[PDB]
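As a starting point, one isolated chain is supplied in C-alpha cells, in the form deposited in one PDB entry.
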C-alpha cells in the first residue's frame, strides 16, 4: 500500500497544481517534528545543520514508503472554485507592467483552518508560491494590529480619539510622507484609518514606546517574527516582511473577537495501523480584549465603506448585491513605489488575505491596489460564494458589552470641561460624539494635549481654531 493526502471531506488529493506541494511540504514538516521527537530525543542539535538535512530527508521518505493518511483542511469545492477564479479573472490584475502575481489565503475565523488558497496566476508558467513562501511588507495593513489595535487595547485610546497628522520628521530630519503630502493637522482615528495617513500611526507606536507596552508580546502571540522592534516606521510596515498565509492569520485574530487560532493546512496524520502520528491541537489565545477587537471591527468596517483607499465594496455590490451585504471589514496597504498591494477582508465567519506584486520587485501601476486588486478580490469573493453558498455567513460583527461608551467633543476625542489656553482658562464645548473604549473607565477629560502626537506649534494653531466656539 502507498501514502496519501486528502481534502477535509475525505477525497484523495494525490497519492505519494500548488495544491500538491503545499500540503506535502506542511505534511513533511509535521513529520520532521514527530521524528525529532519520536525518541531521537533531540532539542538544540536540532539547531546543528547537518542533522536538519538528515531529518528533513528522513521525513520525506517516511511519507514515500511509510503509507500514512494525511488529512488537510482543504474544502475541495472552494479550492477548485478559487483556482478557477484565478484562471478566469487573474488577468484583471495586469496593468501594463507585465504579469502581476497574486497570493490569497482563505481562512476559517474560528478553527484557523485554511479552506483554500491561490498560489499565483499559473503553477505551470511559474512556480513560486505567493500564498505560502513569498514575503513582502504588509505596509498600512500593519496599522490595525501593531499600532491602533494595541493602544486602544491598553486603554491609551478609543474609537473617536484624535491624532496629529501635522507635518513632522523622522529623526534623520526627513519628512514623514503620505503619497505626496507633508501632513494636514488633526484628525479622528476613523479618518486616519480610512485614508491610511502615516503620521498618526507614527505617533501611536511612539507613545506605545514611551509607555513601554510589550508590543512584541502581542505580535509574537499571532506568529509574527519581526527581527527589530526599534524602528520608527515599524507601524507603517517598515522592517516587517510576511507571508499571505501568516498575515491572514493576523486578521483572523481581530475577526474572531481578539482570539488567535493558529493557522494550518494539516489537521491529522495517521499511520497504516490507524495510529495517530500528528493531530492538530486547538490551543486558542486571547491576544486582544473583546472590547478592543470588536471596537476595531467597527472601524475596519468603515475602511471599506468609505471606499477611500479601495473600490472593493462598489465592485462587489455590482457583481452580487446580496453578498455585498455581509458585514465586511478590511484594510489595504501600498508599499514604496507601488511595488506591492495588500487587501485583507473578513466577514465574521471567514478571512480572505490577498497580496499582489511582481516577483522581481518592480512596480505596479498606481491604480493596482485601489482598483485592480479590489475588483479581482471581489470576483474571487463571488467565486467562493457560488461554490459554497452558506460559507461567508450572515452574522453581524458586534460591539461587545464590556466596551465602554463616552460623550466627547468631536473637536478633541475627550470629555468636555475646563482647560488652560495660555492665561485665559476655557470652557470647552461644541458638539459631542459617543467614543468606544476598551478599558474600565472610558475617555479622559479634555486636556491641553488631547491628541496622540503633535508639536507645540501644532497644538497652538489647533487650539486657536478650536477657539471659534
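Residue numbers count along the first chain shown, from 1. Take the two forms, find the largest set of C-alpha atoms that superpose within 1.5 Å, and that set is the rigid core.
Inset, instruction - Using none, 1 to 3, 4 to 9 or 10 or more, say how many deposited residues go missing between residue 24 and residue 25. - result: Count of unmodelled residues in between: none.
Legend entry - 270-278 versus 356-364 - greater average Cα B-factor per the deposited record: It is 270-278.
Inset, instruction - Would you tell me which stretch averages the higher CA B-factor in the PDB entry, 167-175 or 144-152? - result: Per the deposited B-factors, the answer is 167-175.
Legend entry - Ranked C-alpha temperature factor of residue 103 among modelled chain residues, by third: Lowest third, going by the recorded CA B-factors of the chain.
Legend entry - Third of chain Cα B-factors occupied by residue 261: Middle third, going by the recorded CA B-factors of the chain.
Inset, instruction - Give the position of residue 290 by CA B-factor within its chain, expressed as the lowest, middle or highest third. - result: For residue 290, whose C-alpha B-factor we compare with every modelled residue in the chain, the answer is the middle third.
Legend entry - Third of the chain's Cα B-factor distribution that residue 125 belongs to, per the entry: It falls in the top third of the chain.
Inset, instruction - Pull the Cα B-factor of residue 209 out of the PDB entry and bin it into the chain's lowest, middle or highest third. - result: Its C-alpha B-factor, which the entry lists for residue 209, ranks in the middle third among residues of this chain.
There is another form of this protein, the form deposited in another entry, and it is not shown here; the text below is about that form.
Inset, instruction - Have a look at 432, 402, 51, 420 and give me the residue whose C-alpha moves 2 Å or more between the shown form and the other one, with the fit done on the rigid core. - result: The listed residue whose C-alpha shifts by at least 2 Å is 51.
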